[PDB]
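Novice: Next up, my_file.pdb (PDB, C-alpha atoms).
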ATOM      1  CA  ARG A 112      26.264 -79.678   0.407  1.00  0.00           C
ATOM      2  CA  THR A 113      24.315 -82.891  -0.379  1.00  0.00           C
ATOM      3  CA  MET A 114      21.058 -80.892  -0.026  1.00  0.00           C
ATOM      4  CA  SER A 115      22.349 -78.190  -2.430  1.00  0.00           C
ATOM      5  CA  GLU A 116      23.070 -80.884  -5.099  1.00  0.00           C
ATOM      6  CA  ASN A 117      19.472 -82.114  -4.642  1.00  0.00           C
ATOM      7  CA  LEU A 118      18.053 -78.536  -4.816  1.00  0.00           C
ATOM      8  CA  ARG A 119      20.189 -77.643  -7.893  1.00  0.00           C
ATOM      9  CA  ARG A 120      18.825 -80.717  -9.755  1.00  0.00           C
ATOM     10  CA  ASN A 121      15.223 -79.982  -8.600  1.00  0.00           C
ATOM     11  CA  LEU A 122      15.570 -76.344  -9.806  1.00  0.00           C
ATOM     12  CA  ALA A 123      16.852 -77.542 -13.206  1.00  0.00           C
ATOM     13  CA  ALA A 124      14.092 -80.206 -13.450  1.00  0.00           C
ATOM     14  CA  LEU A 125      11.420 -77.569 -12.643  1.00  0.00           C
ATOM     15  CA  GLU A 126      12.576 -75.130 -15.341  1.00  0.00           C
ATOM     16  CA  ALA A 127      12.866 -78.115 -17.758  1.00  0.00           C
ATOM     17  CA  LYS A 128       9.115 -78.930 -17.328  1.00  0.00           C
ATOM     18  CA  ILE A 129       8.180 -75.199 -17.466  1.00  0.00           C
ATOM     19  CA  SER A 130      10.223 -75.011 -20.732  1.00  0.00           C
ATOM     20  CA  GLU A 131       8.388 -78.110 -22.085  1.00  0.00           C
ATOM     21  CA  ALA A 132       4.983 -76.585 -21.214  1.00  0.00           C
ATOM     22  CA  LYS A 133       5.889 -73.342 -23.085  1.00  0.00           C
ATOM     23  CA  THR A 134       6.781 -75.175 -26.360  1.00  0.00           C
ATOM     24  CA  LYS A 135       3.559 -77.270 -26.050  1.00  0.00           C
ATOM     25  CA  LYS A 136       1.530 -74.031 -25.478  1.00  0.00           C
ATOM     26  CA  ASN A 137       2.619 -72.559 -28.832  1.00  0.00           C
ATOM     27  CA  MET A 138       1.834 -75.765 -30.827  1.00  0.00           C
ATOM     28  CA  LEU A 139      -1.605 -76.141 -29.179  1.00  0.00           C
ATOM     29  CA  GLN A 140      -2.487 -72.434 -29.767  1.00  0.00           C
ATOM     30  CA  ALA A 141      -1.461 -72.845 -33.459  1.00  0.00           C
ATOM     31  CA  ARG A 142      -3.680 -75.929 -34.027  1.00  0.00           C
ATOM     32  CA  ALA A 143      -6.661 -74.096 -32.485  1.00  0.00           C
ATOM     33  CA  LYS A 144      -6.163 -71.061 -34.791  1.00  0.00           C
ATOM     34  CA  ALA A 145      -5.772 -73.329 -37.856  1.00  0.00           C
ATOM     35  CA  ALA A 146      -8.843 -75.456 -36.994  1.00  0.00           C
ATOM     36  CA  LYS A 147     -10.972 -72.279 -36.560  1.00  0.00           C
ATOM     37  CA  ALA A 148      -9.931 -71.058 -40.034  1.00  0.00           C
ATOM     38  CA  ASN A 149     -10.404 -74.492 -41.749  1.00  0.00           C
ATOM     39  CA  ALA A 150     -13.992 -74.828 -40.490  1.00  0.00           C
ATOM     40  CA  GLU A 151     -15.051 -71.281 -41.473  1.00  0.00           C
ATOM     41  CA  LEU A 152     -13.466 -71.459 -44.952  1.00  0.00           C
ATOM     42  CA  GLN A 153     -14.771 -74.942 -45.863  1.00  0.00           C
ATOM     43  CA  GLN A 154     -18.331 -74.321 -44.621  1.00  0.00           C
ATOM     44  CA  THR A 155     -18.609 -70.763 -46.042  1.00  0.00           C
ATOM     45  CA  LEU A 156     -17.348 -71.684 -49.532  1.00  0.00           C
ATOM     46  CA  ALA A 157     -19.370 -74.912 -49.845  1.00  0.00           C
ATOM     47  CA  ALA A 158     -22.672 -73.401 -48.624  1.00  0.00           C
ATOM     48  CA  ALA A 159     -22.473 -70.075 -50.514  1.00  0.00           C
ATOM     49  CA  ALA A 160     -21.432 -71.643 -53.850  1.00  0.00           C
ATOM     50  CA  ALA A 161     -24.041 -74.447 -53.822  1.00  0.00           C
ATOM     51  CA  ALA A 162     -26.977 -72.234 -52.705  1.00  0.00           C
ATOM     52  CA  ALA A 163     -26.311 -69.371 -55.156  1.00  0.00           C
ATOM     53  CA  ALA A 164     -25.661 -71.735 -58.104  1.00  0.00           C
ATOM     54  CA  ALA A 165     -28.818 -73.817 -57.529  1.00  0.00           C
ATOM     55  CA  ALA A 166     -31.107 -70.761 -57.111  1.00  0.00           C
ATOM     56  CA  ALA A 167     -29.763 -68.971 -60.205  1.00  0.00           C
TER      57      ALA A 167
ATOM     58  CA  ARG B 112      -0.328 -82.542 -46.263  1.00  0.00           C
ATOM     59  CA  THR B 113      -3.150 -85.084 -46.815  1.00  0.00           C
ATOM     60  CA  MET B 114      -5.683 -82.275 -46.163  1.00  0.00           C
ATOM     61  CA  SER B 115      -3.945 -79.991 -48.713  1.00  0.00           C
ATOM     62  CA  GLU B 116      -4.257 -82.734 -51.410  1.00  0.00           C
ATOM     63  CA  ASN B 117      -7.991 -82.939 -50.584  1.00  0.00           C
ATOM     64  CA  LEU B 118      -8.384 -79.107 -50.656  1.00  0.00           C
ATOM     65  CA  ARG B 119      -6.400 -78.782 -53.940  1.00  0.00           C
ATOM     66  CA  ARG B 120      -8.731 -81.333 -55.623  1.00  0.00           C
ATOM     67  CA  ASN B 121     -11.862 -79.660 -54.124  1.00  0.00           C
ATOM     68  CA  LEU B 122     -10.651 -76.236 -55.398  1.00  0.00           C
ATOM     69  CA  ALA B 123     -10.088 -77.682 -58.896  1.00  0.00           C
ATOM     70  CA  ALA B 124     -13.483 -79.484 -58.834  1.00  0.00           C
ATOM     71  CA  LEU B 125     -15.237 -76.230 -57.795  1.00  0.00           C
ATOM     72  CA  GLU B 126     -13.728 -74.156 -60.621  1.00  0.00           C
ATOM     73  CA  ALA B 127     -14.508 -77.066 -63.022  1.00  0.00           C
ATOM     74  CA  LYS B 128     -18.277 -76.829 -62.212  1.00  0.00           C
ATOM     75  CA  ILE B 129     -18.162 -72.983 -62.298  1.00  0.00           C
ATOM     76  CA  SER B 130     -16.478 -73.308 -65.752  1.00  0.00           C
ATOM     77  CA  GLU B 131     -19.217 -75.763 -66.882  1.00  0.00           C
ATOM     78  CA  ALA B 132     -21.970 -73.378 -65.693  1.00  0.00           C
ATOM     79  CA  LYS B 133     -20.399 -70.476 -67.681  1.00  0.00           C
ATOM     80  CA  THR B 134     -20.371 -72.429 -71.008  1.00  0.00           C
ATOM     81  CA  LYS B 135     -23.997 -73.566 -70.356  1.00  0.00           C
ATOM     82  CA  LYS B 136     -24.993 -69.905 -69.621  1.00  0.00           C
ATOM     83  CA  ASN B 137     -23.879 -68.732 -73.083  1.00  0.00           C
ATOM     84  CA  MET B 138     -25.705 -71.566 -74.954  1.00  0.00           C
ATOM     85  CA  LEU B 139     -28.936 -71.013 -72.968  1.00  0.00           C
ATOM     86  CA  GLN B 140     -28.821 -67.197 -73.507  1.00  0.00           C
ATOM     87  CA  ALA B 141     -28.316 -67.812 -77.278  1.00  0.00           C
ATOM     88  CA  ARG B 142     -31.341 -70.161 -77.589  1.00  0.00           C
ATOM     89  CA  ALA B 143     -33.538 -67.607 -75.778  1.00  0.00           C
ATOM     90  CA  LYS B 144     -32.457 -64.787 -78.156  1.00  0.00           C
ATOM     91  CA  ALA B 145     -33.007 -67.023 -81.219  1.00  0.00           C
ATOM     92  CA  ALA B 146     -36.443 -68.242 -80.032  1.00  0.00           C
ATOM     93  CA  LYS B 147     -37.565 -64.611 -79.423  1.00  0.00           C
ATOM     94  CA  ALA B 148     -36.578 -63.665 -82.997  1.00  0.00           C
ATOM     95  CA  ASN B 149     -38.141 -66.808 -84.618  1.00  0.00           C
ATOM     96  CA  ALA B 150     -41.541 -66.170 -83.005  1.00  0.00           C
ATOM     97  CA  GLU B 151     -41.679 -62.453 -83.917  1.00  0.00           C
ATOM     98  CA  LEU B 152     -40.555 -63.000 -87.535  1.00  0.00           C
ATOM     99  CA  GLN B 153     -42.847 -65.977 -88.273  1.00  0.00           C
ATOM    100  CA  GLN B 154     -45.961 -64.425 -86.690  1.00  0.00           C
ATOM    101  CA  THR B 155     -45.391 -60.904 -88.116  1.00  0.00           C
ATOM    102  CA  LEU B 156     -44.781 -62.077 -91.703  1.00  0.00           C
ATOM    103  CA  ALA B 157     -47.632 -64.621 -91.778  1.00  0.00           C
ATOM    104  CA  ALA B 158     -50.255 -62.285 -90.251  1.00  0.00           C
ATOM    105  CA  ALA B 159     -49.339 -59.109 -92.188  1.00  0.00           C
ATOM    106  CA  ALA B 160     -49.103 -60.846 -95.593  1.00  0.00           C
ATOM    107  CA  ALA B 161     -52.365 -62.828 -95.275  1.00  0.00           C
ATOM    108  CA  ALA B 162     -54.456 -59.915 -93.897  1.00  0.00           C
ATOM    109  CA  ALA B 163     -53.275 -57.303 -96.433  1.00  0.00           C
ATOM    110  CA  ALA B 164     -53.593 -59.706 -99.405  1.00  0.00           C
ATOM    111  CA  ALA B 165     -57.127 -60.853 -98.496  1.00  0.00           C
ATOM    112  CA  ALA B 166     -58.438 -57.295 -97.887  1.00  0.00           C
ATOM    113  CA  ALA B 167     -56.967 -55.889-101.118  1.00  0.00           C
TER     114      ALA B 167
END
Rewrite the coordinates I just gave you, this time as C-alpha coordinates.

Specialist:
Amino acid sequence: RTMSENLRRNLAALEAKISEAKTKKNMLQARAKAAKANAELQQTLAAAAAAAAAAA
Amino acid sequence: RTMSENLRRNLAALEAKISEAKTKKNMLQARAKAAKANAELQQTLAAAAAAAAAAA
(Lines of atoms letter the chains of each structure in order from A and count residues from 1; the text may use other names and numbers.)
(Lines give C-alpha, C1' and ligand atoms only; values in the text may rest on other atoms or scores of the structure.)
Protein backbone atom coordinates (compact mmCIF):
# COMPACT_ATOMS: atom_id res chain seq x y z
CA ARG A 1 0.00 0.00 0.00
CA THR A 2 3.05 2.32 0.26
CA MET A 3 4.10 1.18 -3.25
CA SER A 4 0.59 1.92 -4.64
CA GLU A 5 0.80 5.53 -3.28
CA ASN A 6 4.17 5.87 -5.07
CA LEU A 7 2.78 4.35 -8.33
CA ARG A 8 -0.40 6.52 -8.20
CA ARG A 9 1.75 9.69 -7.92
CA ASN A 10 4.14 8.47 -10.68
CA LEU A 11 1.14 7.75 -12.98
CA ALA A 12 -0.26 11.25 -12.32
CA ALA A 13 3.19 12.87 -12.84
CA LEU A 14 3.61 10.99 -16.16
CA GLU A 15 0.26 12.12 -17.58
CA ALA A 16 1.03 15.67 -16.29
CA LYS A 17 4.23 15.84 -18.45
CA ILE A 18 2.43 14.20 -21.43
CA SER A 19 -0.31 16.87 -21.00
CA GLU A 20 2.37 19.63 -20.90
CA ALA A 21 4.02 18.27 -24.08
CA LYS A 22 0.64 18.30 -25.92
CA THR A 23 -0.06 22.01 -25.13
CA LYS A 24 3.55 22.89 -26.17
CA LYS A 25 3.08 20.90 -29.45
CA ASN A 26 0.13 23.08 -30.53
CA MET A 27 1.92 26.41 -29.78
CA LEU A 28 5.10 25.29 -31.61
CA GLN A 29 3.11 24.05 -34.67
CA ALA A 30 1.27 27.43 -34.76
CA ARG A 31 4.50 29.51 -34.72
CA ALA A 32 5.93 27.40 -37.57
CA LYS A 33 2.78 27.92 -39.72
CA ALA A 34 2.78 31.68 -38.98
CA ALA A 35 6.53 32.09 -39.71
CA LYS A 36 6.10 30.26 -43.07
CA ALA A 37 3.30 32.66 -44.07
CA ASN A 38 5.14 35.84 -42.87
CA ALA A 39 8.24 35.05 -44.95
CA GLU A 40 6.32 34.23 -48.16
CA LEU A 41 4.04 37.30 -47.92
CA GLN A 42 6.77 39.83 -47.06
CA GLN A 43 9.24 38.59 -49.70
CA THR A 44 6.63 38.12 -52.47
CA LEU A 45 5.03 41.57 -52.03
CA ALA A 46 8.31 43.49 -51.67
CA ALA A 47 10.04 41.82 -54.66
CA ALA A 48 7.07 41.86 -57.08
CA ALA A 49 6.08 45.49 -56.37
CA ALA A 50 9.63 46.93 -56.60
CA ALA A 51 10.62 45.00 -59.77
CA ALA A 52 7.41 45.73 -61.74
CA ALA A 53 7.35 49.43 -60.71
CA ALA A 54 11.01 50.06 -61.62
CA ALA A 55 10.76 48.31 -65.03
CA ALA A 56 7.54 50.09 -66.04
CA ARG B 1 1.76 43.27 -31.91
CA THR B 2 5.05 45.10 -32.63
CA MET B 3 5.22 43.27 -36.01
CA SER B 4 1.62 44.32 -36.86
CA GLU B 5 2.54 48.02 -36.24
CA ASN B 6 5.49 47.55 -38.64
CA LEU B 7 3.29 45.77 -41.26
CA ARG B 8 0.50 48.41 -40.96
CA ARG B 9 3.04 51.21 -41.66
CA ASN B 10 4.65 49.22 -44.53
CA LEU B 11 1.17 48.62 -46.08
CA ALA B 12 0.37 52.36 -45.84
CA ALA B 13 3.82 53.31 -47.25
CA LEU B 14 3.33 50.90 -50.20
CA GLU B 15 -0.08 52.31 -51.17
CA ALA B 16 1.36 55.84 -50.71
CA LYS B 17 4.05 55.18 -53.40
CA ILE B 18 1.50 53.39 -55.66
CA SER B 19 -0.75 56.49 -55.25
CA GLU B 20 2.22 58.78 -56.14
CA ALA B 21 3.00 56.70 -59.26
CA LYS B 22 -0.65 56.97 -60.43
CA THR B 23 -0.71 60.82 -60.23
CA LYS B 24 2.70 60.95 -62.04
CA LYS B 25 1.32 58.58 -64.76
CA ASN B 26 -1.50 60.99 -65.68
CA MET B 27 0.81 64.07 -65.88
CA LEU B 28 3.39 62.20 -68.01
CA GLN B 29 0.68 60.82 -70.39
CA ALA B 30 -0.71 64.39 -70.77
CA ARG B 31 2.69 65.92 -71.69
CA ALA B 32 3.23 63.20 -74.31
CA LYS B 33 -0.19 63.86 -75.92
CA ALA B 34 0.42 67.65 -75.89
CA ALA B 35 3.95 67.34 -77.35
CA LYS B 36 2.63 65.10 -80.19
CA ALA B 37 0.00 67.72 -81.09
CA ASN B 38 2.42 70.72 -80.84
CA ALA B 39 4.92 69.15 -83.26
CA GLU B 40 2.30 68.15 -85.87
CA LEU B 41 0.51 71.53 -85.79
CA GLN B 42 3.65 73.71 -85.92
CA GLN B 43 5.36 71.70 -88.68
CA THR B 44 2.20 71.22 -90.81
CA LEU B 45 1.16 74.90 -90.72
CA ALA B 46 4.66 76.31 -91.32
CA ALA B 47 5.52 73.95 -94.22
CA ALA B 48 2.14 74.07 -96.03
CA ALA B 49 1.78 77.88 -95.83
CA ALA B 50 5.35 78.70 -96.95
CA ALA B 51 5.43 76.17 -99.84
CA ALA B 52 2.01 77.07 -101.30
CA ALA B 53 2.61 80.84 -100.98
CA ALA B 54 6.06 80.75 -102.63
CA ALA B 55 4.91 78.55 -105.56
CA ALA B 56 1.79 80.63 -106.28

Novice: Please find the residues of chain B near chain A - the criterion being any atom within 12 Å, counting all atoms listed in the file - and write them as a count of residues only.

Specialist: 15

Novice: Could you work out how far atom CA of residue 113 of chain B lies from atom CA of residue 144 of chain A, giving the answer in Å with one decimal?

Specialist: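 If I compute the distance from atom CA of residue 144 of chain A to atom CA of residue 113 of chain B, I get 18.7 Å.
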
Novice: If I wrap all listed atoms of segment 140-155 of chain B in a box with edges along x, y and z and add 8 Å on each side, what are its centre and edge lengths in Å to one decimal, as JSON?

Specialist:
{"center_x": -37.1, "center_y": -65.5, "center_z": -80.9, "size_x": 33.6, "size_y": 25.3, "size_z": 30.8}

Novice: Could you tell me how far atom CA of residue 134 of chain B sits from atom CA of residue 151 of chain B, in Å to one decimal place?

Specialist: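 Rounded to one decimal, the two atoms are 26.8 Å apart.
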
Novice: Rebuild segment 141-157 of chain A so that it carries N, CA and C atoms, then output the result as a PDB file, in the frame of the given file.

Specialist:
ATOM      1  N   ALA A 141      -1.525 -72.850 -31.999  1.00  0.00           N
ATOM      2  CA  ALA A 141      -1.461 -72.845 -33.459  1.00  0.00           C
ATOM      3  C   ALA A 141      -2.538 -73.757 -34.047  1.00  0.00           C
ATOM      4  N   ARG A 142      -2.657 -74.992 -33.545  1.00  0.00           N
ATOM      5  CA  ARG A 142      -3.680 -75.929 -34.027  1.00  0.00           C
ATOM      6  C   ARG A 142      -5.084 -75.371 -33.839  1.00  0.00           C
ATOM      7  N   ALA A 143      -5.340 -74.661 -32.740  1.00  0.00           N
ATOM      8  CA  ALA A 143      -6.661 -74.096 -32.485  1.00  0.00           C
ATOM      9  C   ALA A 143      -6.990 -72.953 -33.460  1.00  0.00           C
ATOM     10  N   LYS A 144      -5.986 -72.157 -33.833  1.00  0.00           N
ATOM     11  CA  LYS A 144      -6.163 -71.061 -34.791  1.00  0.00           C
ATOM     12  C   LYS A 144      -6.414 -71.636 -36.188  1.00  0.00           C
ATOM     13  N   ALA A 145      -5.640 -72.653 -36.570  1.00  0.00           N
ATOM     14  CA  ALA A 145      -5.772 -73.329 -37.856  1.00  0.00           C
ATOM     15  C   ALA A 145      -7.143 -74.005 -37.998  1.00  0.00           C
ATOM     16  N   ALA A 146      -7.564 -74.760 -36.982  1.00  0.00           N
ATOM     17  CA  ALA A 146      -8.843 -75.456 -36.994  1.00  0.00           C
ATOM     18  C   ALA A 146     -10.021 -74.475 -37.106  1.00  0.00           C
ATOM     19  N   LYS A 147      -9.910 -73.289 -36.491  1.00  0.00           N
ATOM     20  CA  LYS A 147     -10.972 -72.279 -36.560  1.00  0.00           C
ATOM     21  C   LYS A 147     -11.081 -71.732 -37.985  1.00  0.00           C
ATOM     22  N   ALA A 148      -9.951 -71.529 -38.657  1.00  0.00           N
ATOM     23  CA  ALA A 148      -9.931 -71.058 -40.034  1.00  0.00           C
ATOM     24  C   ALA A 148     -10.416 -72.140 -41.020  1.00  0.00           C
ATOM     25  N   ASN A 149      -9.985 -73.399 -40.863  1.00  0.00           N
ATOM     26  CA  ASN A 149     -10.404 -74.492 -41.749  1.00  0.00           C
ATOM     27  C   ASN A 149     -11.924 -74.647 -41.776  1.00  0.00           C
ATOM     28  N   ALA A 150     -12.551 -74.670 -40.600  1.00  0.00           N
ATOM     29  CA  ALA A 150     -13.992 -74.828 -40.490  1.00  0.00           C
ATOM     30  C   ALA A 150     -14.757 -73.688 -41.172  1.00  0.00           C
ATOM     31  N   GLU A 151     -14.385 -72.438 -40.884  1.00  0.00           N
ATOM     32  CA  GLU A 151     -15.051 -71.281 -41.473  1.00  0.00           C
ATOM     33  C   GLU A 151     -14.905 -71.239 -42.989  1.00  0.00           C
ATOM     34  N   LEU A 152     -13.706 -71.490 -43.515  1.00  0.00           N
ATOM     35  CA  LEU A 152     -13.466 -71.459 -44.952  1.00  0.00           C
ATOM     36  C   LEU A 152     -14.228 -72.569 -45.677  1.00  0.00           C
ATOM     37  N   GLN A 153     -14.104 -73.815 -45.218  1.00  0.00           N
ATOM     38  CA  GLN A 153     -14.771 -74.942 -45.863  1.00  0.00           C
ATOM     39  C   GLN A 153     -16.291 -74.803 -45.866  1.00  0.00           C
ATOM     40  N   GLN A 154     -16.882 -74.469 -44.717  1.00  0.00           N
ATOM     41  CA  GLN A 154     -18.331 -74.321 -44.621  1.00  0.00           C
ATOM     42  C   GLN A 154     -18.852 -73.122 -45.417  1.00  0.00           C
ATOM     43  N   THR A 155     -18.176 -71.975 -45.336  1.00  0.00           N
ATOM     44  CA  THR A 155     -18.609 -70.763 -46.042  1.00  0.00           C
ATOM     45  C   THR A 155     -18.589 -70.953 -47.552  1.00  0.00           C
ATOM     46  N   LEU A 156     -17.487 -71.477 -48.093  1.00  0.00           N
ATOM     47  CA  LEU A 156     -17.348 -71.684 -49.532  1.00  0.00           C
ATOM     48  C   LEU A 156     -18.342 -72.719 -50.059  1.00  0.00           C
ATOM     49  N   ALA A 157     -18.459 -73.869 -49.397  1.00  0.00           N
ATOM     50  CA  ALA A 157     -19.370 -74.912 -49.845  1.00  0.00           C
ATOM     51  C   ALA A 157     -20.839 -74.467 -49.845  1.00  0.00           C
TER      52      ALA A 157
END
